[PDB]
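K.L.:
One file is attached below, final.pdb, containing PDB, C-alpha atoms.
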ATOM      1  CA  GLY A   1       6.340 -20.418   4.398  1.00  0.00           C
ATOM      2  CA  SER A   2       6.372 -17.668   1.852  1.00  0.00           C
ATOM      3  CA  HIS A   3       7.579 -14.095   1.827  1.00  0.00           C
ATOM      4  CA  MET A   4       5.142 -11.198   1.500  1.00  0.00           C
ATOM      5  CA  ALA A   5       5.791  -7.978  -0.396  1.00  0.00           C
ATOM      6  CA  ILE A   6       6.365  -6.166   2.884  1.00  0.00           C
ATOM      7  CA  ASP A   7       9.387  -8.458   3.486  1.00  0.00           C
ATOM      8  CA  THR A   8      11.066  -7.053   0.363  1.00  0.00           C
ATOM      9  CA  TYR A   9      11.382  -3.399   1.466  1.00  0.00           C
ATOM     10  CA  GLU A  10      14.001  -1.634   3.536  1.00  0.00           C
ATOM     11  CA  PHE A  11      11.971   0.421   6.045  1.00  0.00           C
ATOM     12  CA  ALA A  12      13.551   3.363   7.864  1.00  0.00           C
ATOM     13  CA  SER A  13      12.050   2.206  11.197  1.00  0.00           C
ATOM     14  CA  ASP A  14       9.648  -0.441  12.552  1.00  0.00           C
ATOM     15  CA  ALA A  15       7.033   2.310  12.806  1.00  0.00           C
ATOM     16  CA  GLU A  16       7.412   3.058   9.083  1.00  0.00           C
ATOM     17  CA  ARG A  17       6.959  -0.684   8.323  1.00  0.00           C
ATOM     18  CA  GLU A  18       3.776  -0.813  10.396  1.00  0.00           C
ATOM     19  CA  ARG A  19       2.396   2.274   8.630  1.00  0.00           C
ATOM     20  CA  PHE A  20       2.968   0.511   5.291  1.00  0.00           C
ATOM     21  CA  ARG A  21       1.342  -2.614   6.693  1.00  0.00           C
ATOM     22  CA  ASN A  22      -1.798  -0.691   7.708  1.00  0.00           C
ATOM     23  CA  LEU A  23      -2.043   1.273   4.465  1.00  0.00           C
ATOM     24  CA  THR A  24      -1.725  -1.815   2.277  1.00  0.00           C
ATOM     25  CA  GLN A  25      -4.442  -3.520   4.281  1.00  0.00           C
ATOM     26  CA  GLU A  26      -6.893  -0.620   4.294  1.00  0.00           C
ATOM     27  CA  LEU A  27      -6.485   0.334   0.661  1.00  0.00           C
ATOM     28  CA  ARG A  28      -8.261  -2.390  -1.304  1.00  0.00           C
ATOM     29  CA  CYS A  29      -8.912  -3.306  -4.921  1.00  0.00           C
ATOM     30  CA  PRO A  30     -12.548  -4.558  -4.646  1.00  0.00           C
ATOM     31  CA  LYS A  31     -12.916  -5.781  -8.239  1.00  0.00           C
ATOM     32  CA  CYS A  32      -9.385  -7.243  -8.503  1.00  0.00           C
ATOM     33  CA  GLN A  33      -9.250 -11.031  -8.513  1.00  0.00           C
ATOM     34  CA  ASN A  34      -7.162 -10.501  -5.356  1.00  0.00           C
ATOM     35  CA  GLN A  35      -8.540  -7.497  -3.491  1.00  0.00           C
ATOM     36  CA  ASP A  36      -5.790  -7.432  -0.819  1.00  0.00           C
ATOM     37  CA  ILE A  37      -3.023  -4.999  -1.999  1.00  0.00           C
ATOM     38  CA  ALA A  38      -0.795  -6.456   0.751  1.00  0.00           C
ATOM     39  CA  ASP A  39      -1.094  -9.975  -0.634  1.00  0.00           C
ATOM     40  CA  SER A  40      -1.549  -9.651  -4.390  1.00  0.00           C
ATOM     41  CA  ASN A  41       1.293 -10.349  -6.885  1.00  0.00           C
ATOM     42  CA  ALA A  42      -0.602  -8.511  -9.630  1.00  0.00           C
ATOM     43  CA  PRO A  43       1.386  -5.704 -11.290  1.00  0.00           C
ATOM     44  CA  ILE A  44      -1.096  -3.103  -9.999  1.00  0.00           C
ATOM     45  CA  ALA A  45      -0.418  -4.184  -6.384  1.00  0.00           C
ATOM     46  CA  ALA A  46       3.352  -3.978  -6.779  1.00  0.00           C
ATOM     47  CA  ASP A  47       2.823  -0.468  -8.264  1.00  0.00           C
ATOM     48  CA  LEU A  48       0.608   0.654  -5.349  1.00  0.00           C
ATOM     49  CA  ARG A  49       2.936  -0.767  -2.682  1.00  0.00           C
ATOM     50  CA  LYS A  50       5.911   0.870  -4.401  1.00  0.00           C
ATOM     51  CA  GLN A  51       4.048   4.213  -4.344  1.00  0.00           C
ATOM     52  CA  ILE A  52       2.975   3.893  -0.716  1.00  0.00           C
ATOM     53  CA  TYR A  53       6.563   3.106   0.311  1.00  0.00           C
ATOM     54  CA  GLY A  54       7.823   6.087  -1.730  1.00  0.00           C
ATOM     55  CA  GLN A  55       5.366   8.429  -0.096  1.00  0.00           C
ATOM     56  CA  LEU A  56       6.106   7.195   3.429  1.00  0.00           C
ATOM     57  CA  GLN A  57       9.748   7.919   2.769  1.00  0.00           C
ATOM     58  CA  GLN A  58       8.888  11.384   1.326  1.00  0.00           C
ATOM     59  CA  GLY A  59       7.333  12.227   4.723  1.00  0.00           C
ATOM     60  CA  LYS A  60       3.674  12.099   3.647  1.00  0.00           C
ATOM     61  CA  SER A  61       1.069  11.469   6.373  1.00  0.00           C
ATOM     62  CA  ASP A  62      -1.263   8.456   6.421  1.00  0.00           C
ATOM     63  CA  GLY A  63      -4.118  10.829   5.422  1.00  0.00           C
ATOM     64  CA  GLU A  64      -2.170  12.355   2.527  1.00  0.00           C
ATOM     65  CA  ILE A  65      -1.203   8.923   1.244  1.00  0.00           C
ATOM     66  CA  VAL A  66      -4.784   7.599   1.232  1.00  0.00           C
ATOM     67  CA  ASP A  67      -5.968  10.703  -0.585  1.00  0.00           C
ATOM     68  CA  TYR A  68      -3.230  10.352  -3.229  1.00  0.00           C
ATOM     69  CA  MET A  69      -3.799   6.633  -4.063  1.00  0.00           C
ATOM     70  CA  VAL A  70      -7.612   7.003  -4.127  1.00  0.00           C
ATOM     71  CA  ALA A  71      -7.590  10.182  -6.230  1.00  0.00           C
ATOM     72  CA  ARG A  72      -4.870   8.895  -8.573  1.00  0.00           C
ATOM     73  CA  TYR A  73      -6.127   5.288  -9.030  1.00  0.00           C
ATOM     74  CA  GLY A  74      -9.878   5.406  -8.318  1.00  0.00           C
ATOM     75  CA  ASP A  75     -10.665   3.061 -11.236  1.00  0.00           C
ATOM     76  CA  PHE A  76      -9.338   0.115  -9.205  1.00  0.00           C
ATOM     77  CA  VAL A  77      -8.345   1.385  -5.712  1.00  0.00           C
ATOM     78  CA  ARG A  78     -10.738   2.045  -2.772  1.00  0.00           C
ATOM     79  CA  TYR A  79     -10.099   3.091   0.815  1.00  0.00           C
ATOM     80  CA  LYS A  80     -11.765   0.656   3.235  1.00  0.00           C
ATOM     81  CA  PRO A  81     -11.119   1.854   6.813  1.00  0.00           C
ATOM     82  CA  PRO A  82     -11.279  -0.958   9.420  1.00  0.00           C
TER
END
Can I see the file as structure tokens?
P.N.:
Amino acid sequence: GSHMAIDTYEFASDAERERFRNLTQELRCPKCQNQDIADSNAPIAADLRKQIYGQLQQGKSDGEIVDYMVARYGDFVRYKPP
């Protein structure tokens, strides 16, 4: 029994939580020692989750968010649709 990063945020609705959940699972860091941005405790993962949360709350769409994180952090981040 452990908490995950998602457990640490105050979402505005259950739908908003689930959007975060999907985004953090589908955005990956393929060279990272832990490639799962939902599970990693690496500083980069906390940064990405923080940004995804911020953008959800700004009213950005799923599409806009993916584009931002990929275009802004392409040296480590990659979109891997399911």
K.L.:
Please define a box with edges along x, y and z of the file around all atoms of stretch 29-41 of chain A given in the file, extend it by 5 Å on each side, and return its centre and edge lengths in Å to one decimal, as AutoDock Vina command-line options.
P.N.:
--center_x -5.8 --center_y -7.2 --center_z -3.9 --size_x 24.2 --size_y 17.7 --size_z 19.3
K.L.:
Written as a PyMOL selection string, what is the full residue list that the PyMOL selection byres ((chain A and resi 45) around 10) yields on the file shown?
P.N.:
chain A and resi 5+24+28-29+32+34-44+46-51+77
K.L.:
Contacts of stretch 17-22 of chain A at 8 Å or less, counting only C-alpha atoms, minus same-chain residues fewer than 3 places along, as a PDB file with C-alpha atoms, keeping the file's coordinate frame?
P.N.:
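Wrote part.pdb, looks like this:
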ATOM      1  CA  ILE A   6       6.365  -6.166   2.884  1.00  0.00           C
ATOM      2  CA  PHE A  11      11.971   0.421   6.045  1.00  0.00           C
ATOM      3  CA  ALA A  12      13.551   3.363   7.864  1.00  0.00           C
ATOM      4  CA  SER A  13      12.050   2.206  11.197  1.00  0.00           C
ATOM      5  CA  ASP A  14       9.648  -0.441  12.552  1.00  0.00           C
ATOM      6  CA  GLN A  25      -4.442  -3.520   4.281  1.00  0.00           C
ATOM      7  CA  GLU A  26      -6.893  -0.620   4.294  1.00  0.00           C
ATOM      8  CA  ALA A  38      -0.795  -6.456   0.751  1.00  0.00           C
ATOM      9  CA  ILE A  52       2.975   3.893  -0.716  1.00  0.00           C
ATOM     10  CA  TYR A  53       6.563   3.106   0.311  1.00  0.00           C
ATOM     11  CA  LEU A  56       6.106   7.195   3.429  1.00  0.00           C
ATOM     12  CA  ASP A  62      -1.263   8.456   6.421  1.00  0.00           C
TER      13      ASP A  62
END
K.L.:
List as an NGL selection string: which residues have an atom within 12 Å of (-4.5, 8.8, -4.3), counting all atoms listed in the file?
P.N.:
:A and (23 or 27 or 48 or 51-52 or 55 or 60 or 62-79)
K.L.:
One decimal, in Å: what's the spacing between atom CA of residue A:8 and atom CA of residue A:58?
P.N.:
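Interatomic distance, atom CA of residue A:8 to atom CA of residue A:58: 18.6 Å.
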